[PDB]
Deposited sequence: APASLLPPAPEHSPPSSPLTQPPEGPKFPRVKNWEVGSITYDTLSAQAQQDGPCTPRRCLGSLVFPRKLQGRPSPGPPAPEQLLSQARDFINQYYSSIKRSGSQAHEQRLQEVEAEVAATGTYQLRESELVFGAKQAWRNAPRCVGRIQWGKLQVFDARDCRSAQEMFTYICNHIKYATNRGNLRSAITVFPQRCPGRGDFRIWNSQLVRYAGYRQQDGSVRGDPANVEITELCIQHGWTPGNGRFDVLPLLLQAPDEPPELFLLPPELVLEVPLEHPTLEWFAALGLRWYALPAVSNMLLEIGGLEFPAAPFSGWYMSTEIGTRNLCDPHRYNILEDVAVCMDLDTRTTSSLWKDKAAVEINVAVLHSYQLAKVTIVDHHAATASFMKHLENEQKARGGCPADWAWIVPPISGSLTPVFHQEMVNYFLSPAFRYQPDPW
């Protein structure tokens, strides 16, 4: 019943006892595995379970404080149909949701999270102020600091706070007259949403999009990020002197803004969180994916590689140098970045910590293994168990 989990490089065996606590059901069944798919008063039970989790974590289970808190949440839900987290519980909840995220290789950091409490927020203008403060704090002039800002929870009879943008920093993607894209093809939809809401578009490949911020029951409002708040890194290569001329750039801060934060049955549809980049996200996925910037063959051309035969591994050589350029450029710019070897090594340490702390760790193998040099990293050889724990970050529908 407890899955046996093996590391094939060392031969070590663990049993994941934590998965027995999985709440939501995942997409797999005994008949077929869908692990590779990207997208697959009951409040009182989830609330009680969360309070118990928290008071267990702080070694206060069954204490007067524990029982007092349980009675308070019961009284709130009975009186109001919902309840409010204490600040300490909010901070614990956000950290746990990160800790529980199966697709995050960066969870060695999960205990170090700045939690900005924006639950008093009203109006998109206030939202923007909170978001700018978050960006400022998290960017920290390149010495990036993981942070989350939590906007008011969902409640009956009132619309949600929503950030329409998938991230706080996104590059525009402009559909061209012939169906191609200038800029980031991942952002065509949000780009034309910004334009339809009054944004004057640019004409460039790396135009930072405005933010579309939705206060409850209002249309989204456009907010322009002050340019000095959006740290970017021009990409250069340590020995390929022509790389800099390609004018490639990426931004310092990965800040996911479209996921729902769920804590104790409470739902925060706007809770943008940020850390720092793992270099393969930029150099391999964002720049080399065929449906993203797709610059691999451009770089291969500039490297004089034999692009007439796949067996020259010209694609692999070009991608590696793009990843080198990303790492070199962020380090030169003094912007926090982690390469995929360091990140996976730390994630192995995290798995070991979590085995001792909780008896296991939900982990999505396809997402944890980096998109280049998979088996050069230790996580490739590590069997993993994927399951859903709460508190959690969840996908949610786009607010349109």
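Missing from the model, relative to the deposited sequence, are the stretches 1-26, 67-80.
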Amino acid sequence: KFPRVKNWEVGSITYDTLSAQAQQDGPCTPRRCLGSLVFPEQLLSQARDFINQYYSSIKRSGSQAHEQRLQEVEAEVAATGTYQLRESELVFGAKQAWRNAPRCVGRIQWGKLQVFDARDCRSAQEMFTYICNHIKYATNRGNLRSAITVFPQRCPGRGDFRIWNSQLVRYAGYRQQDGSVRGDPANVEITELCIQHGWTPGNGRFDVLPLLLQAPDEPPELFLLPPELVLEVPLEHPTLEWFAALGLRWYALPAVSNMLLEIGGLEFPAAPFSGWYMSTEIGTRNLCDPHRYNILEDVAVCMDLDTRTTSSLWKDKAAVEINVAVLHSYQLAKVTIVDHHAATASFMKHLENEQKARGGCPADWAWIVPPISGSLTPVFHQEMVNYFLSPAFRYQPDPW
From here on, numbers count along this sequence of modelled residues.
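We call the rigid core whatever largest set of C-alpha positions still superposes within 1.5 Å between the two forms.
Greater C-alpha displacement in 8 other deposited structures of this protein (rigid core superposition, RMS over structures and residues), of 224-232 versus 68-76: 68-76.
Farther from the shown form on average, by C-alpha root mean square after a core fit in 8 other deposited structures of this protein, is 77-85, of the stretches 77-85 and 149-157.
Across the other compared structures of the same protein with both neighbouring residues present, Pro370 carries coordinates in every case, with no third of them leaving it out. Across the other entries compared, none leave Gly26 without coordinates where the residues on each side are present, so it is far from a third. Just going by the entry, 183-191 versus 222-230 on mean CA temperature factor gives the higher value to 222-230.
Annotation for 22-30 versus 329-337: the higher mean temperature factor (C-alpha) is found in 22-30. For the set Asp316, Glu281, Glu74, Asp289, the PDB entry assigns the largest Cα B-factor to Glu74. Going by the entry's values, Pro216 shows the largest Cα B-factor out of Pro272, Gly275, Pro216, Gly173.
Placement of the Cα temperature factor of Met384 within the chain: middle third of the modelled residues, per the deposited record. Split the chain's modelled residues into thirds by C-alpha temperature factor. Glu297 is in the lowest one. Among the modelled residues of the chain, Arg119 sits in the middle third by CA temperature factor in this PDB entry. Compared with the other modelled residues of the chain, the Cα B-factor recorded for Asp178 ranks in the highest third.
For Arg86, the recorded CA temperature factor ranks within the middle third of the chain's modelled residues.
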